[PDB]
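One chain follows as structure tokens, the form deposited in one PDB entry.
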């Protein structure tokens, strides 16, 4: 991932936070020269084993995902293949009108974590079930409404033969936190102020992240 130094994650935990808050990744592997790469949007969770052995920069951590086994990308997920998982968080277009500075150019503030690693296909029926149930339980607790899977565990087992589950061992993770760090403090405050007053949560989230980046040229 190409990241100018002033847009790198302010601390490694920001990557963890973004991955956990936006776990529907784009999973990308090389394809043929004529087809281009494969890409599938699919849910990713940290492997619960990694919680007790957490690496600061996520290197060597294990993530889990699944996809449809009818999806052509599944046939290509050979164990040992390199994979990219791209997670995106809040973002918003920045009008130069908020800068109060001339000259200037517009830009887009945005947040992204690119994780690279090696795929291992999961074939076991029980381990596949462990993946989808841990994904269901983690997402429901974080984003849901106290739904109880207990009456649907047998339902999961009925449909689990269709699941293509896989593990990613992380070889690198990098954050792009493009939040006006190139601008003077007075200029970032003006954008952040304008973004807070929008009321559209995505703008508010972007403003909150820009406020937590310490004082550190793009465009």
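Take the two forms, superpose them, and find the largest set of C-alpha atoms that agree within 1.5 Å; that set is the rigid core. Positions refer to the first chain, counted from 1. Residues that one form lacks are left out of the comparison.
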query: Residues of the deposited sequence left unbuilt between residue 217 and residue 216; finding: 4 to 9
query: Of 190 to 198 and 158 to 166, the one with larger mean CA B-factor; finding: 190 to 198
query: Of 94 to 102 and 115 to 123, the one with larger mean CA B-factor; finding: 94 to 102
query: Top residue by Cα temperature factor, when 153, 42, 70, 176 are compared in the entry; finding: 153
query: Assigned third (lowest, middle, highest) for the C-alpha B factor of residue 61; finding: middle
query: Third of the chain, ranked by Cα B-factor, where residue 11 sits; finding: middle
query: Residue 89 CA temperature factor, ranked by third within the chain; finding: lowest
query: Chain-relative CA temperature factor third for residue 138; finding: middle
query: Chain-relative CA temperature factor third for residue 79; finding: highest
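Here the subject shifts to the form deposited in another entry, a form of this protein not shown in this document.
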| property | result |
| --- | --- |
| Rigid core superposition between the shown form and the other one: residue from 40, 183, 192, 50 with Cα shift of 2 Å or more | 50 |
| Cα distance between residue 15 and residue 53, which in the other form differs by 3 Å or more from this form, closer or farther | closer |
| Closer or farther in the other form: C-alpha pair residue 110, residue 50 (3 angstroms or more) | farther |
| Segments of at least three residues whose Cα atoms shift by 2 Å or more between the shown form and the other one, after superposing on the rigid core | 49 to 57 |
